[PDB]
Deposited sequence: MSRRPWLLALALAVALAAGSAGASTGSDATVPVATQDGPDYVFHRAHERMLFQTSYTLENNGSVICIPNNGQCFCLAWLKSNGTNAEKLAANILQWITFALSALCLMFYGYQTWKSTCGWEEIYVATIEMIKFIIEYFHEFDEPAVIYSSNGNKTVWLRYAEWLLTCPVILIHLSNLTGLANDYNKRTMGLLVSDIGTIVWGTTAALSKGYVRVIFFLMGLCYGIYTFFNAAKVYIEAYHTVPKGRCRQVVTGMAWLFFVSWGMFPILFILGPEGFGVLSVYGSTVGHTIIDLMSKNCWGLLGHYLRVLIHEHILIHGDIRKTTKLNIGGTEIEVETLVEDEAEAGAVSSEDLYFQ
């Protein structure tokens, strides 16, 4: 099917390659198989199921709330492109050093990272304002993806360096994301809302932790995984990272706003020490509205 040169002849006992003078790019590296038919079959099924979850989440959100819809919007447009041109440039970049770079993956990441990280900075949906910490999260995360994308396009020691630079930015991101979730947990009402925040923390760190793991394992790293293999891995953590997390988000938001509808905005002053942090604890009792220094 390809729109680079696929047809060639070996000459002088395979010391010379002859190609038609048709102006097409040529590299043997590009023509390596993308994997087994079993890997491909598994990947096409998980993609449809991802399309289905993306489709149902959107209609569901149809019944504030912009971050979840957008990630499903970007996710559906992703599947229509995958369906028609998953292995066409520039969904994959076939480059001069022989690399295959899945631009489709990294593009989606850069697009939605501020959406996800704004949503991280707005779990309750009650804030109209964002602290200095939000801004450090966005700067560090975008650096991470830019270094990582550079690492995927590179080879040898240059790939190693950009990966290392991605990891250092990433560590700063994970550290600060942890404090946000801690604050969120002690902010929301004591019941179901704290189960959902806990659910979102698990989904976030496991799914986000799996991306640098799949980088090292894929063609961009030590080439352990095939391309279809990588796609299957990506579909699973994609479902967790995007659809499910925003669905849990929307659910949390509903619970919090309904708390204001029934009990009202009854905040507290839980002074944490996990340092010298502070928090506004929503409670279901009007009585409870004082300073609770819970030094952790």
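Where C-alpha coordinates are absent, the deposited sequence of this PDB chain has the segments 1-48, 112-117, 329-330, 353-356.
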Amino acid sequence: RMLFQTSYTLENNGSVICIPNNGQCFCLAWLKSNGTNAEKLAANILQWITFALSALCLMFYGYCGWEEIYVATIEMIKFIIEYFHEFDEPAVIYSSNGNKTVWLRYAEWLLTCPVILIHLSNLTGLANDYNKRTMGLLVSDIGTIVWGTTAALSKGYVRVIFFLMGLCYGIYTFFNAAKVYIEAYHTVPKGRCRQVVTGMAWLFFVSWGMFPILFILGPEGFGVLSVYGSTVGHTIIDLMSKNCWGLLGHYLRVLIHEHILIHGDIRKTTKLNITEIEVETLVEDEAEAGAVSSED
From here on, numbers count along this sequence of modelled residues.
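Mean C-alpha B-factor is higher over 123-131 than over the other stretch, the pair under comparison being 123-131 and 81-89. Legend: mean Cα B-factor per stretch from the PDB entry, 100-108 versus 144-152; the higher mean is in 100-108. When the C-alpha B-factors of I262, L252, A29, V232 are ranked from the entry, the top spot goes to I262. If you compare the C-alpha temperature factors of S95, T187, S207, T73 in the entry, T187 comes out highest. For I171, the recorded CA temperature factor ranks within the highest third of the chain's modelled residues. In the PDB entry, a CA B factor belonging to the middle third of its chain's modelled residues is recorded for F51. When all modelled residues of the chain are sorted by CA temperature factor, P114 is found within the lowest third. In the PDB entry, a CA B factor belonging to the middle third of its chain's modelled residues is recorded for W202.
For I266, the recorded CA B-factor ranks within the highest third of the chain. Only modelled residues enter the ranking.
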